[PDB]
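Data block below; observations after.
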Amino acid sequence: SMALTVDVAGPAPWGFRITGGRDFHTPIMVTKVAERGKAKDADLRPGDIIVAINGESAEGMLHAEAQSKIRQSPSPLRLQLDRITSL
Ligand SMILES: [Cl-]
Ligand SMILES: [Cl-]
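Just remember that my numbering sits 732 ahead of the position in the sequence shown, which is counted from 1.
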């Protein structure tokens with residue numbers, strides 16, 4: 733897989749959705765990216781695993797915790813991602 737850093741320009745709505753978190757026992761993953769939106773402009777993609785949100789490790793975050801941190805992020809929103817390249 734490939735490590736990437738994305739700065740998403742603000743303000744929110746950022747134009748994406750996430751799934752997973754510690755309370756779901758799964759990594760935080762981008763599920764939907766709005767066809768027209770900030771996340772799409774920044775080349776955030778469905779399936780991208782969020783490794784960090786504004787420098788903060790995402791692994792131990794609850795789902796609602798990751799959501800809130802994204803929703804309330806300063807501009808730009810900084811995401812560190814792990815992009816799976818395998819089919
Ligand atoms: Cl891979
Ligand atoms: Cl990087």
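For each residue, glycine too, the CB sits at the ideal point set by N, CA and C.
Excluding its 5 nearest sequence neighbours in each direction, residue 770 has C-beta neighbours in its own chain below 6 Å: 740, 741, 746, 747, listed in chain order. Rounded to the nearest angstrom, the gap between the Cα atoms of residue 766 and residue 807 is 18 Å. Of the candidates 772, 753, 780, the residue whose Cα lies closest to the Cα of residue 813 is 780. Proximity annotation: ligand 2 has residues 735, 736, 737 in chain order, each selected because its CB is closer than 6 Å to a heavy atom of the ligand. Taking the C-beta atoms as reference points, residue 810 is found no nearer than 8 Å to residue 763.
For residue 781, the shortest C-beta to heavy atom distance toward ligand 1 is 7 Å or greater.
Beta-bridge annotation (DSSP): residue 758 is paired with 753.
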